[PDB]
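Since the structure comes first, as structure tokens, the remarks are kept for the end.
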Amino acid sequence: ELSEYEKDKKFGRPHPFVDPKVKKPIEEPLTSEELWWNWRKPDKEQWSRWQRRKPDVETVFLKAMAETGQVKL
Amino acid sequence: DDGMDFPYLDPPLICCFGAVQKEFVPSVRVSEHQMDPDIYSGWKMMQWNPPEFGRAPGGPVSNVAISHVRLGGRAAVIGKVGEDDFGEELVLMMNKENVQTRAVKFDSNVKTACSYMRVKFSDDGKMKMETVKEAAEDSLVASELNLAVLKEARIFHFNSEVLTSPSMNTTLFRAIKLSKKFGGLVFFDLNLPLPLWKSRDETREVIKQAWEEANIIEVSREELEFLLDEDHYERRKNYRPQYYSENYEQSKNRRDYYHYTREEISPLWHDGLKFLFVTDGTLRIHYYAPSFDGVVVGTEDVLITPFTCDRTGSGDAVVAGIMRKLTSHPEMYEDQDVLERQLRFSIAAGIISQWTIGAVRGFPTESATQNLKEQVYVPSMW
Amino acid sequence: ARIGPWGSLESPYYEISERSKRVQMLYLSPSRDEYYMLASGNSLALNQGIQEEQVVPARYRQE
């Protein structure tokens, strides 16, 4: 047959972009210590004006019909 | 009193006992700076630089109830009003904003906000006044207590003003006894009236009976240093080392946010207490619990709108937010992390309440309070 | 704006100091303007550290 997707890509039903059959995790990249000082994320979350997601219109509709079954987020 | 069929509604009710008044500022002291006796156009300069006791001035209990219900909660008010036009408009104002008025008693013997006194010239030429006939607000007797609000309400909130009149002392103590018999908490707000700012010992004698019955107590920074030691806590604040600082922060001469240790607030602590809150305006909130204590950090901004800034009523919003989050989340009592996270909503409400003229005109909404809390605080905190 | 002494244009600014003198507003002249750090930001920002290290735009010298 055609996978466990039923090849939702072939039909068009909602489905994750990546394949939920491999989804191999990361391989322990460099941690904060082994990074140069320019890429460090300085261990204390910094206040920024762009820290709250933009309200937007379509983010309301997507959440609206996700409850009614027309959308699978 | 046992009449009921279905369970109570979702938001627990709040009991607000006191006097119904419009734009009242109880806590009054001598401010060092004055800005012209006649021109009121420049008085707003005292809202950018408050006298350190009107930084977050609390008001009547009706203001607290209105701020609490506007934040998404439910509140009820116990009080008495006269059969006047002002008395009929105060209840209208409270009713217009979903404040339950089932426990407000109308009477015709006394007039609202009007009290009859008598001139009593003493030795020398210093006049005095003795209350001949009491005002309508402070004339509630224990017989006309609504034994339905007390049963339903889960938190009993009252302020110290009712301790300045004889009849309300007995009425308040009877209401406290009834509410405790029905299992409700007691929230004590210490917005001290002017006569109670006379001496520490007299005030401590006056408020001891009410203090020992409280489960939660909220006081300002000045109302605590006054109750423990004004001179010592004022000498400690203004102190800089003669040679060299101590850590580094002392070398920056920042503001003094002192977190009082549990051995200094011990004289004001008793077994029945569940929480002690000390608010330094909206800047910081020190919370003391039976097993832990800490400080929640906040900010303030009244120069963001220098022409429509009015600090009056912010303390009521802070207390109302505290009560709303206490009743909504019952796990804050024994969880310091949740306690700190839920105590920033009150700070956001207090910040918003200082951006408009009028105590009741501009109390913040729950959505606006959450918006400001999320916009000021880093995602890790909120 | 206001024409001050010696025919110099002056503008009002709120002085930030830990003394709370009485009137915290001053009328600054152009000669006294470029040697102070005039903020135009806000105090509505809180980080896990202390609030006094938050960053706001300012105007020092002519930058």
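Residue numbers (the entry's author numbering), protein chains in the order written: chain G, 187 to 259; chain E, 91 to 472; chain B, 442 to 504. A virtual CB, placed ideally from N, CA and C, is assigned to each residue, including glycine.
1. With a cut-off of 8 Å, do at least 3 Cβ pairs link the segment 286-298 of chain E to the segment 334-350 of chain E?
2. I want to see whether chain G comes within less than 7 Å of residue 386 of chain E, judged by CB atoms only; does it?
3. Please work out which residues of its chain come closer than 7 Å, Cβ to Cβ, to residue 275 of chain E, disregarding the five sequence neighbours upstream and downstream, and give them in chain order.
4. State the beta-bridge partners of residue 219 of chain E as determined by DSSP.
5. Report the neighbours of residue 233 of chain G on chain B: residues whose CB is nearer than 8 Å to its CB, in chain order.
6. Pick out whichever of E:272, E:263, E:284, E:119 has its Cα sitting closest to the Cα of residue 278 of chain E.
7. With DSSP as the reference, please indicate the residues paired to residue 466 of chain B in a beta bridge.
8. Report the start-end ranges of each alpha helix (DSSP H) in the segment 386-464 of chain E that is 4 residues or longer and not cut off at the edges.
9. Do residue 253 of chain E and residue 296 of chain E have their beta-carbon atoms positioned less than 7 Å apart in this structure?
10. Does any residue of chain B have a CB that is nearer than 7 Å to the CB of residue 174 of chain E?
11. Which first and last residues belong to the alpha helix (DSSP H) in which residue 162 of chain E is found?
12. Am I right that residue 386 of chain E and residue 353 of chain E are in contact with their C-beta atoms under 8 Å? What's the rounded C-beta distance?
13. Assign residue 476 of chain E to one of two classes, buried (16 or more other C-beta atoms within 10 Å of its C-beta) or exposed (fewer than that).
14. Alpha carbon to alpha carbon, how far is residue 418 of chain E from residue 471 of chain B?
15. In terms of residues, what are the limits of the beta strand (DSSP E) holding residue 197 of chain E?
16. Write down every uninterrupted run of the beta strand (DSSP E) in the segment 292-323 of chain E whose length is 3 residues or greater and which is fully enclosed by it, in chain order.
17. Output, in chain order, the set of chain B residues within a Cβ distance shorter than 7 Å of residue 391 of chain E.
18. Based on Cα-Cα distance, which residue from E:397, E:392, E:391 lies nearest to residue 130 of chain E?
19. Around the C-beta of residue 217 of chain E, are 16 or more other C-beta atoms found within 10 angstroms, so that it is buried, or is it exposed?
20. Along the chain, where does the alpha helix (DSSP H) containing residue 261 of chain E start, and where does it finish?
21. Does the beta-carbon of residue 150 of chain E have 16 or more other beta-carbons within 10 angstroms, so that it is buried, or is it exposed?
22. Any idea which residues DSSP pairs residue 166 of chain E with across the strands?
23. Let me see if you follow: with CB-CB separation under 7 Å, is residue 456 of chain E close to chain G or not?
24. Can you find a CB in chain E that lies within less than 7 Å of the CB of residue 463 of chain B?
25. Below 8 Å on the Cβ atoms is my guess for residue 414 of chain E versus residue 161 of chain E; work out the distance and round it to an integer in Å.
26. For residue 455 of chain B, return the contacting residues in chain E, with the cut-off set at a CB-CB distance below 9 Å.
27. Buried or exposed: where does residue 190 of chain E fall if 16 or more other Cβ atoms within 10 Å of its Cβ makes it buried?
28. Residues of the segment 308-335 of chain E in Cβ contact with chain B at a cutoff of 9 Å, in chain order, please.
29. So residue 240 of chain E is in the alpha helix (DSSP H); what residue range does that whole segment cover?
30. Would you tell me roughly how many angstroms separate the C-alpha atoms of residue 205 of chain G and residue 461 of chain E, rounded to the nearest one?
31. What would DSSP say about residue 448 of chain B, mapped onto helix, strand or coil?
32. Using a beta-carbon distance below 7 Å, is residue 467 of chain E in contact with chain B?
33. Could you list the residues in the segment 209-240 of chain G with a C-beta less than 7 Å from some C-beta on chain E, going in chain order?
34. Thinking C-beta only, is residue 181 of chain E closer than 7 Å to residue 206 of chain E?
35. Shortest alpha-carbon distance to residue 470 of chain E belongs to which of G:214, G:253, G:233, G:223?
36. If you count every other CB in all the chains shown that lies within 10 Å of the CB of residue 293 of chain E, and 16 or more means buried, which is it?
According to the structure shown:
1. Segment contact: the segment 286-298 of chain E against the segment 334-350 of chain E, fewer than three CB-CB distances shorter than 8 Å; contact not assigned.
2. no
3. 244, 245, 246, 305, 306
4. E:209
5. 486, 487, 488, 495
6. Among E:272, E:263, E:284, E:119, the Cα nearest to that of residue 278 of chain E belongs to E:263.
7. B:455
8. Counting only runs of 4 or more, we get 404-418, 426-432, 434-442.
9. Against a cut-off of 7 Å, the Cβ pair of residue 253 of chain E and residue 296 of chain E comes out as a contact.
10. Interface flag for residue 174 of chain E against chain B is unset, since no Cβ pair is found closer than 7 Å.
11. Counting along the chain, no alpha helix (DSSP H) covers residue 162 of chain E, and no H or E run does either.
12. With a Cβ gap of about 21 Å, residue 386 of chain E and residue 353 of chain E do not count as contacting.
13. Here chain E comprises residues numbered 91 to 472, so residue 476 of chain E is not present and cannot be evaluated.
14. 55 Å
15. 194-197
16. 306-310
17. 483, 484, 485
18. Residue 130 of chain E has its Cα closest to that of E:397, out of E:397, E:392, E:391.
19. exposed
20. In the DSSP assignment, residue 261 of chain E falls within the unbroken alpha helix (DSSP H) covering 256-271.
21. buried
22. Its beta-bridge partners are E:105, E:190.
23. no
24. yes
25. 5 Å
26. Chain E residues near residue 455 of chain B: 138, 393, 396.
27. buried
28. none
29. 239-242
30. 37 Å
31. helix
32. yes
33. 231, 233, 237, 238
34. no
35. G:233
36. buried
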